[PDB]
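Read the structure below first, then the notes.
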Amino acid sequence: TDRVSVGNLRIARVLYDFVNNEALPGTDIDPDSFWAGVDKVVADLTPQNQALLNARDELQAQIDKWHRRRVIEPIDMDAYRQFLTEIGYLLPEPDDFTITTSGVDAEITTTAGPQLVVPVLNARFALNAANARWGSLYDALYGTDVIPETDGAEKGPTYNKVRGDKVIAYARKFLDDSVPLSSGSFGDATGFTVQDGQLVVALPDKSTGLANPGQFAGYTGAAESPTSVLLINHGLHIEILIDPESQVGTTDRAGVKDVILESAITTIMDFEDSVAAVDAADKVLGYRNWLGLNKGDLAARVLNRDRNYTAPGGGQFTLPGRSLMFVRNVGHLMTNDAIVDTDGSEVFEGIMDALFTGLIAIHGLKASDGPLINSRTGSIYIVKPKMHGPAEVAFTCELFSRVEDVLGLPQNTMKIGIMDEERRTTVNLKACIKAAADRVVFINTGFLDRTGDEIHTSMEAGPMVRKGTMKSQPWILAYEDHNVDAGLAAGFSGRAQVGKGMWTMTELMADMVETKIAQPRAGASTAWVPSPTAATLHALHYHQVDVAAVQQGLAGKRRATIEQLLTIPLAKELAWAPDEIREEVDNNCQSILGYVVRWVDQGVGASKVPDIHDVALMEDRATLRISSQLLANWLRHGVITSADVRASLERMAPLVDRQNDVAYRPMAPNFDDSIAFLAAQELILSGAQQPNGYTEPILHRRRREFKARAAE
Ligand SMILES: Cc1ccc(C2CC2)cc1C(=O)/C=C(\O)C(=O)O
Ligand SMILES: [Mg+2]
Ligand SMILES: [Mg+2]
């Protein structure tokens, strides 16, 4: 064929060659021993992987039946709770404990700041994301709606000085709020100098230093007239660039050219919900980019070097120039035919990701032909998504342990960022953390997947509230607080990240700056952003909120009950008028179609899709999971008919065709000839039958179908 036999496995040649020629050289792992290890790990752990997936199905069957066999008024919470305990869904809560994870980098244990997620299959985006550790505040302010485009302040083809002056003024207020002067305001500064190791800021009438001189972290250039001044606040760096000859510095009262913020402290290179990878060719593209990131030679533009500074006293030092990288592996569900066994059965994809992304990450622990690219403390950081409960966490740990043995790595090298994005994890979160107590480096509320699981788990209970109502429902507010509580109770402060979820409105940056501050105010040491620009703007929130102090104030508090976590988001009687149902259907169909068409026809796993209100939303599989499950639920309970669904899909499809484009194939009017349209339809009409409402089985099948037809 086009496969390589190793034991019981038949490996796609493209993957075999990539591993031997690109991934293995430089790790000192023997190629034959590696492939024997792949065979042995797959054979040994596949049964447990399948058993865990079977357990999800059996628990969900019981829950479906339970709802179908009830007539009572609102749900008897006491009966529901004891039922879930009976079936093993709700497990006992373990005694208090503190995590023991060691060898973790400061960016994770100590620094509070933004965490950027990027599809690993897009080399250009991945490079920008790794370089997003530092970003221009002026560019982020000028280029977005944070500075309103009011009369006279609009963006044009050329620089608008009125707008630029608003940018400068915004940044000066940020400096006053973050690194205050002893007296006066940065808005009146006329220059900066370093005198006896102290920062001196010239005012019109006088000179002043910092109210806290310890916030002066360094400078570049001559101490007499530095080319830049480096400050620190809440552990994050701020750099004032001084250049009176620049276009902006010429207009500035102190010659300031820009303010650079330490922004994306860590970055998650994603193999999961933001990428479309359905075969060996796709996986190799992703693995090769992850390899180039860890070897430091990925080029599309290149990775940045570390940044050199002079210390206040005069010594030299350096700061990391790149975001510390995690990789998000796929979860336990899917198989991939990149490897098949002798029976033709596909191998579990999460098992493969652990082996291959783990192998590749070794390069980030060693010098790059300069210094090693990633973890100086010797860890490999893997986000494991979509786990359901503590036995599934234990399985990830065993998989990582077995992979470490194959790779010759110390035990516990491979650390786990746990997504809390499935109900059976939420309600057993303390036990999930305990199961990974020596590997865990974060917990994070993946609230979009979590909403998808909320809908599917209770699918039989009745019609759910509209998608937009979900973000304010009791269950989700309890879930967010419960996650923070569990992390802090497990000793996460100073040891691991407590993270919150993604901002998806990529153009609504004024709204992000106004509202996303709630996440660090809730004690999250990190939260997810969709772009380098949004990382720079979200960094402002960490200068305003002292997350370390917030976490200390939250200690010992139990702010969510199990009853709150289990409050199902059922709609009340007579909740909606016909126009509101119409808008919900059309909005969900447009978002489904806009995302699925680029997935199936172009293999793009994350797309900006305008919604029914013309708001650009960054869509990935989790937002698709919500929209498809909600419509499945409304169809299941008679809120809408199958004619309503088909009509909405047919009405929104031509609009999506218009929004798109070199490789774009219109879906309309030949709907049944478009694999993408049929995939969108199947996601709704078959949604109730998909395991835990997951979208990958349909998406993968339909993308492979598209590729097959295109190859003739
Ligand atoms: C929803 C979403 C949008 C965009 C991106 C990336 C930037 C492309 C990631 C996610 C995501 O995966 C979130 C969660 O895992 C989860 O809330 O379930
Ligand atoms: Mg998710
Ligand atoms: Mg403070």
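In the structure tokens, chains take letters A, B, ... by order of appearance, with residues numbered from 1 within each chain and ligands from 1 in the order shown.
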### Message
Neighbours of ligand 2 at 10 Å or closer, counting only C-alpha atoms and all ligand atoms: which residues, as a ChimeraX atom specification?
### Response
/A:272-274,331,384-386,419-422,444-452,501-502,620-623,625
How about saving the chosen residues, C-alpha atoms kept, as a CSV table (one decimal), in the first residue's frame?
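Result file is out.csv:
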```csv
chain,number,residue,atom,x,y,z
A,272,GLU,CA,-8.0,20.2,18.6
A,273,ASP,CA,-11.0,22.3,18.2
A,274,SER,CA,-9.5,25.1,16.0
A,331,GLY,CA,-9.2,14.1,23.6
A,384,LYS,CA,-6.0,17.6,27.4
A,385,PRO,CA,-9.5,18.5,26.4
A,386,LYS,CA,-12.9,17.0,26.7
A,419,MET,CA,-10.0,21.5,30.5
A,420,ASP,CA,-13.0,21.6,32.8
A,421,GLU,CA,-15.4,21.5,29.9
A,422,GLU,CA,-17.7,18.5,30.5
A,444,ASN,CA,-9.6,26.0,32.7
A,445,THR,CA,-13.3,26.6,32.2
A,446,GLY,CA,-13.9,25.7,28.5
A,447,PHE,CA,-17.3,27.2,28.9
A,448,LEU,CA,-18.4,26.7,25.2
A,449,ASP,CA,-17.8,22.9,25.2
A,450,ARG,CA,-19.3,22.9,28.7
A,451,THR,CA,-22.5,24.4,27.4
A,452,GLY,CA,-22.6,21.8,24.6
A,501,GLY,CA,-12.5,31.0,28.6
A,502,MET,CA,-12.2,32.6,25.2
A,620,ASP,CA,-14.6,26.5,16.3
A,621,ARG,CA,-16.0,23.1,17.1
A,622,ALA,CA,-17.2,24.0,20.5
A,623,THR,CA,-19.4,26.9,19.3
A,625,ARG,CA,-21.4,21.9,19.3
```
### Message
Report as JSON, numbers by chain all protein, DNA and RNA residues lying within 9 Å of residue A:584, evaluated on only C-alpha atoms, omitting residues in the same chain fewer than 5 positions from it.
### Response
{"A": [466, 467, 579, 589, 631]}
Tell me, counting only C-alpha atoms and all ligand atoms, for each residue of chain A within 12 Å of ligand 3, which pair of atoms is nearest and how far apart they are in Å to one decimal, in rows ordered by chain and increasing number, as a Markdown table.
```
| residue | atom | partner | partner_atom_place_in_ligand_line | distance |
| --- | --- | --- | --- | --- |
| A:177 | CA | ligand 3 | 1 (Mg) | 9.3 |
| A:178 | CA | ligand 3 | 1 (Mg) | 7.5 |
| A:179 | CA | ligand 3 | 1 (Mg) | 8.9 |
| A:180 | CA | ligand 3 | 1 (Mg) | 10.4 |
| A:211 | CA | ligand 3 | 1 (Mg) | 12.0 |
| A:212 | CA | ligand 3 | 1 (Mg) | 10.6 |
| A:215 | CA | ligand 3 | 1 (Mg) | 10.7 |
| A:232 | CA | ligand 3 | 1 (Mg) | 10.7 |
| A:233 | CA | ligand 3 | 1 (Mg) | 7.0 |
| A:234 | CA | ligand 3 | 1 (Mg) | 6.2 |
| A:235 | CA | ligand 3 | 1 (Mg) | 9.9 |
| A:236 | CA | ligand 3 | 1 (Mg) | 11.3 |
| A:541 | CA | ligand 3 | 1 (Mg) | 11.4 |
| A:542 | CA | ligand 3 | 1 (Mg) | 9.3 |
| A:543 | CA | ligand 3 | 1 (Mg) | 7.2 |
| A:544 | CA | ligand 3 | 1 (Mg) | 7.1 |
| A:545 | CA | ligand 3 | 1 (Mg) | 7.0 |
| A:546 | CA | ligand 3 | 1 (Mg) | 5.5 |
| A:547 | CA | ligand 3 | 1 (Mg) | 9.2 |
| A:548 | CA | ligand 3 | 1 (Mg) | 9.7 |
| A:549 | CA | ligand 3 | 1 (Mg) | 8.7 |
| A:550 | CA | ligand 3 | 1 (Mg) | 10.9 |
```
### Message
Can you tell me, as a PyMOL selection string, which residues in stretch 464-644 of chain A count as strand (DSSP E) by DSSP?
### Response
chain A and resi 497-500+526-529+607-610+616-619
### Task
Work out how far apart atom CA of residue A:149 and atom CA of residue A:511 are and give it in Å to one decimal.
14.2 Å
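Residues surrounding stretch 154-160 of chain A within 10 Å are residues 142, 143, 144, 145, 147, 148, 149, 150, 164, 165, 247 and 248 of chain A [only C-alpha atoms; sequence separation below 4 positions excluded].
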If you keep N, CA and C atoms, can you produce a file of those selected residues as a PDB file, in the first residue's frame?
```
ATOM      1  N   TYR A 142      -4.807  51.882  18.335  1.00  0.00           N
ATOM      2  CA  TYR A 142      -5.119  52.592  17.098  1.00  0.00           C
ATOM      3  C   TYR A 142      -5.944  51.722  16.154  1.00  0.00           C
ATOM      4  N   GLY A 143      -5.607  50.440  16.061  1.00  0.00           N
ATOM      5  CA  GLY A 143      -6.200  49.567  15.068  1.00  0.00           C
ATOM      6  C   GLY A 143      -7.547  48.976  15.418  1.00  0.00           C
ATOM      7  N   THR A 144      -8.052  49.191  16.630  1.00  0.00           N
ATOM      8  CA  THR A 144      -9.301  48.569  17.054  1.00  0.00           C
ATOM      9  C   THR A 144     -10.263  49.649  17.517  1.00  0.00           C
ATOM     10  N   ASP A 145     -11.457  49.224  17.910  1.00  0.00           N
ATOM     11  CA  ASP A 145     -12.461  50.169  18.369  1.00  0.00           C
ATOM     12  C   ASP A 145     -12.295  50.572  19.833  1.00  0.00           C
ATOM     13  N   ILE A 147     -10.328  52.805  20.904  1.00  0.00           N
ATOM     14  CA  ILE A 147     -10.472  54.236  20.643  1.00  0.00           C
ATOM     15  C   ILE A 147     -11.640  54.393  19.676  1.00  0.00           C
ATOM     16  N   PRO A 148     -12.776  54.937  20.100  1.00  0.00           N
ATOM     17  CA  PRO A 148     -13.923  55.036  19.190  1.00  0.00           C
ATOM     18  C   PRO A 148     -13.567  55.812  17.927  1.00  0.00           C
ATOM     19  N   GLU A 149     -14.123  55.365  16.799  1.00  0.00           N
ATOM     20  CA  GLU A 149     -13.978  56.085  15.534  1.00  0.00           C
ATOM     21  C   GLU A 149     -15.042  57.180  15.430  1.00  0.00           C
ATOM     22  N   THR A 150     -15.029  58.065  16.418  1.00  0.00           N
ATOM     23  CA  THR A 150     -15.960  59.182  16.410  1.00  0.00           C
ATOM     24  C   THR A 150     -15.540  60.205  15.356  1.00  0.00           C
ATOM     25  N   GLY A 164      -4.306  59.304  16.797  1.00  0.00           N
ATOM     26  CA  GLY A 164      -3.050  58.964  17.442  1.00  0.00           C
ATOM     27  C   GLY A 164      -2.897  59.636  18.792  1.00  0.00           C
ATOM     28  N   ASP A 165      -3.345  60.891  18.900  1.00  0.00           N
ATOM     29  CA  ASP A 165      -3.266  61.605  20.171  1.00  0.00           C
ATOM     30  C   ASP A 165      -4.174  60.975  21.220  1.00  0.00           C
ATOM     31  N   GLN A 247       7.829  58.774  13.684  1.00  0.00           N
ATOM     32  CA  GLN A 247       6.605  59.455  13.266  1.00  0.00           C
ATOM     33  C   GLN A 247       5.748  59.845  14.463  1.00  0.00           C
ATOM     34  N   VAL A 248       5.607  58.944  15.438  1.00  0.00           N
ATOM     35  CA  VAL A 248       4.814  59.233  16.629  1.00  0.00           C
ATOM     36  C   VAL A 248       5.626  60.022  17.650  1.00  0.00           C
TER      37      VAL A 248
END
```
### Message
I'd like the neighbourhood of residue A:117 as a PyMOL selection string, where a residue qualifies if any of its atoms comes within 8 Å (using only C-alpha atoms), though same-chain residues fewer than 5 positions away should be ignored.
### Response
chain A and resi 129+267-270+528-531
Based on the selection just made, write N, CA, C and O atoms of those residues as a PDB file, in the first residue's frame.
```
ATOM      1  N   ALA A 129       1.761  34.034  17.090  1.00  0.00           N
ATOM      2  CA  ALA A 129       1.298  33.766  18.444  1.00  0.00           C
ATOM      3  C   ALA A 129       2.472  33.534  19.382  1.00  0.00           C
ATOM      4  O   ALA A 129       2.472  34.021  20.518  1.00  0.00           O
ATOM      5  N   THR A 267       1.121  30.423  25.211  1.00  0.00           N
ATOM      6  CA  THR A 267       0.339  30.190  24.011  1.00  0.00           C
ATOM      7  C   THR A 267       0.084  28.701  23.895  1.00  0.00           C
ATOM      8  O   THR A 267       0.980  27.890  24.149  1.00  0.00           O
ATOM      9  N   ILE A 268      -1.143  28.356  23.520  1.00  0.00           N
ATOM     10  CA  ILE A 268      -1.551  26.977  23.292  1.00  0.00           C
ATOM     11  C   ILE A 268      -1.567  26.745  21.784  1.00  0.00           C
ATOM     12  O   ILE A 268      -2.386  27.328  21.062  1.00  0.00           O
ATOM     13  N   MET A 269      -0.658  25.899  21.305  1.00  0.00           N
ATOM     14  CA  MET A 269      -0.649  25.499  19.906  1.00  0.00           C
ATOM     15  C   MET A 269      -1.622  24.334  19.774  1.00  0.00           C
ATOM     16  O   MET A 269      -1.424  23.291  20.400  1.00  0.00           O
ATOM     17  N   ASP A 270      -2.696  24.528  18.995  1.00  0.00           N
ATOM     18  CA  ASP A 270      -3.901  23.699  19.066  1.00  0.00           C
ATOM     19  C   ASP A 270      -3.947  22.647  17.958  1.00  0.00           C
ATOM     20  O   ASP A 270      -3.940  22.990  16.764  1.00  0.00           O
ATOM     21  N   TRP A 528      -8.433  33.158  28.072  1.00  0.00           N
ATOM     22  CA  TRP A 528      -8.118  32.927  26.673  1.00  0.00           C
ATOM     23  C   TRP A 528      -8.471  34.105  25.779  1.00  0.00           C
ATOM     24  O   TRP A 528      -9.552  34.715  25.905  1.00  0.00           O
ATOM     25  N   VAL A 529      -7.547  34.415  24.874  1.00  0.00           N
ATOM     26  CA  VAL A 529      -7.729  35.453  23.862  1.00  0.00           C
ATOM     27  C   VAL A 529      -7.547  34.852  22.471  1.00  0.00           C
ATOM     28  O   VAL A 529      -6.850  33.838  22.315  1.00  0.00           O
ATOM     29  N   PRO A 530      -8.142  35.465  21.449  1.00  0.00           N
ATOM     30  CA  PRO A 530      -8.121  34.890  20.095  1.00  0.00           C
ATOM     31  C   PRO A 530      -7.039  35.413  19.152  1.00  0.00           C
ATOM     32  O   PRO A 530      -6.912  34.904  18.030  1.00  0.00           O
ATOM     33  N   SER A 531      -6.260  36.414  19.560  1.00  0.00           N
ATOM     34  CA  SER A 531      -5.327  37.064  18.650  1.00  0.00           C
ATOM     35  C   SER A 531      -4.237  37.731  19.473  1.00  0.00           C
ATOM     36  O   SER A 531      -4.452  38.053  20.646  1.00  0.00           O
TER      37      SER A 531
END
```
### Query
Quick one: of A:294, A:659, A:190, A:536, who's nearest to residue A:594, counting only C-alpha atoms?
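Using only C-alpha atoms, the shortest distance to residue A:594 belongs to A:659.
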### Task
Could you give me, as a PyMOL selection string, the residues within 8 Å of residue A:667, counting only C-alpha atoms and dropping anything in the same chain fewer than 6 positions from it?
chain A and resi 653-654+657+673-674+676-677
Would you mind listing what lies within 12 Å of residue A:576 as a compact mmCIF listing (two decimals) with N, CA and C atoms, in the first residue's frame, with only C-alpha atoms counted and same-chain residues fewer than 2 positions away left out?
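Contents of the output file result.txt:
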```txt
# COMPACT_ATOMS: atom_id res chain seq x y z
N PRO A 463 -37.10 21.42 26.49
CA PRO A 463 -36.46 22.48 25.70
C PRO A 463 -35.56 23.34 26.57
N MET A 464 -34.39 23.67 26.04
CA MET A 464 -33.45 24.53 26.74
C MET A 464 -33.65 25.99 26.36
N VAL A 465 -33.11 26.87 27.19
CA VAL A 465 -33.09 28.30 26.91
C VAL A 465 -32.28 28.60 25.65
N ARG A 466 -32.50 29.78 25.08
CA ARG A 466 -31.76 30.21 23.91
C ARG A 466 -30.26 30.27 24.20
N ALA A 571 -36.04 25.90 29.60
CA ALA A 571 -36.86 27.08 29.40
C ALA A 571 -38.17 26.96 30.17
N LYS A 572 -38.69 28.10 30.61
CA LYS A 572 -39.99 28.12 31.27
C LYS A 572 -41.10 28.00 30.24
N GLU A 573 -42.33 27.87 30.74
CA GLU A 573 -43.49 27.78 29.86
C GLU A 573 -43.65 29.07 29.06
N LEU A 574 -43.99 28.92 27.78
CA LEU A 574 -44.41 30.04 26.93
C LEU A 574 -43.33 31.11 26.79
N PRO A 578 -43.05 33.86 18.25
CA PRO A 578 -42.57 33.29 16.99
C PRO A 578 -41.38 34.02 16.38
N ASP A 579 -41.30 35.34 16.53
CA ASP A 579 -40.17 36.07 15.96
C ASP A 579 -38.86 35.73 16.68
N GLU A 580 -38.92 35.44 17.98
CA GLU A 580 -37.73 35.08 18.73
C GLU A 580 -37.23 33.68 18.38
N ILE A 581 -38.15 32.73 18.19
CA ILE A 581 -37.77 31.39 17.74
C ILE A 581 -37.14 31.46 16.35
N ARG A 582 -37.75 32.25 15.46
CA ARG A 582 -37.23 32.45 14.11
C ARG A 582 -35.80 32.97 14.14
N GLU A 583 -35.53 33.97 14.99
CA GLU A 583 -34.18 34.53 15.06
C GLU A 583 -33.18 33.52 15.61
N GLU A 584 -33.58 32.74 16.61
CA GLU A 584 -32.67 31.74 17.17
C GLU A 584 -32.33 30.68 16.14
N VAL A 639 -40.31 22.54 19.63
CA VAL A 639 -40.25 24.00 19.53
C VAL A 639 -40.24 24.42 18.07
N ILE A 640 -39.57 23.63 17.22
CA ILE A 640 -39.48 23.88 15.79
C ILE A 640 -39.74 22.56 15.07
```
### Minimum-distance residue to ligand 1, chosen among A:90, A:43, A:616, A:655 (using only C-alpha atoms and all ligand atoms)
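Once distances to ligand 1 are computed over only C-alpha atoms and all ligand atoms, the minimum belongs to A:616.
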Residues at most 10 Å from residue A:176, counting only C-alpha atoms, excluding those fewer than 6 positions away in the same chain, as a PDB file with C-alpha atoms, in the first residue's frame?
```
ATOM      1  CA  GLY A 184       2.428  64.480  38.660  1.00  0.00           C
ATOM      2  CA  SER A 185       1.276  62.494  35.656  1.00  0.00           C
ATOM      3  CA  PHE A 186       3.014  60.703  32.794  1.00  0.00           C
ATOM      4  CA  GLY A 187       0.860  62.854  30.517  1.00  0.00           C
TER       5      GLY A 187
END
```
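The smallest atom-to-atom distance between residue A:320 and any of A:373, A:699, A:539, A:577, using only C-alpha atoms, is found for A:373.
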### Message
Ranking A:243, A:672, A:337, A:86 by minimum distance to residue A:701 and counting only C-alpha atoms, which one comes first?
### Response
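Among A:243, A:672, A:337, A:86, it is A:337 that comes nearest to residue A:701.
Using only C-alpha atoms for every distance, the candidate list A:459, A:486, A:167, A:518 yields A:459 as the residue closest to residue A:630.
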#### Entry: atom CA of residue A:132 to atom CA of residue A:608, straight-line distance in Å
20.1 Å
### Query
Using only C-alpha atoms, which residue out of A:521, A:636, A:700, A:65 lies closest to residue A:499?
A:521
### Task
Extract the full set of alpha helix (DSSP H) residues from stretch 374-560 of chain A according to DSSP on the backbone, and format it as a ChimeraX atom specification.
/A:390-407,423-426,429-435,447-457,467-470,474-489,509-515,518-521,532-544,547-554
